[PDB]
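Heads up, the chain below is alone and in the form deposited in one PDB entry; it's given as structure tokens.
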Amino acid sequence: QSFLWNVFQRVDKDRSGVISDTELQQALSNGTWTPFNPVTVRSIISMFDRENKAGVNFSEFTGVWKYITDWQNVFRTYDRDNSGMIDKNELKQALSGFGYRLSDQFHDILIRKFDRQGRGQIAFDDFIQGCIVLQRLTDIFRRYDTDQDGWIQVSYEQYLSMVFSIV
């Protein structure tokens, strides 16, 4: 009750009562001393921001703290070598939760697309944003995956519909 509350305080610098995007960012660690991915921060904020205030109050921050510790739980387990980074061999073991098993060097496309560190591995902040994009893509896929076998057959319009429904 105060545990979640005394986390909210230490992250609220200007004491306005709202965790700003900048506040949550520099109160977060990707584990590489580089600034936490602002795109990742912006996403987690807007997910639990309900009055457009581009931030979260204690009510809204509870969802944020839960949403971020649940991701650290995921990151902690698949980071078996415990280097603070998820490598390709550890990525295969991680992205298994999306249903269809993916090819081995499809994990080289994902790691090229979402790694900002550029060291051929995936950090915690980039891991969250990557899955956010991935979940966004699979919701679009599941609409046409009625068959439920990981394969869809769509038209030209439906394809364009899928592309422009990314937002």
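Each form is matched to the other, and the largest set of C-alpha atoms that superpose within 1.5 Å is called the rigid core. All residue numbers are counted from 1 along the displayed sequence.
We do not show the form solved in complex with a partner chain, though everything after this point is about it.
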Would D70 count as a contact of its partner chain in the deposited complex, using a 4.5 angstroms cut-off between non-hydrogen atoms?
-> yes
Is the gap between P35 and its partner chain in the deposited complex 4.5 Å or less for some heavy atom pair?
-> no
Residue contact check: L91 to its partner chain in the deposited complex, 4.5 Å heavy atom | no
At the 4.5 Å heavy atom threshold, is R142 in contact with its partner chain in the deposited complex?
-> yes
For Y100, is the C-alpha shift between the shown form and the other one 2 Å or more after core superposition?
-> yes
When you overlay the rigid core, is the Cα of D14 off by 2 Å or more between the shown form and the other one?
-> no
If you line up the core, does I140 shift 2 angstroms or more at its C-alpha between the shown form and the other one?
-> yes
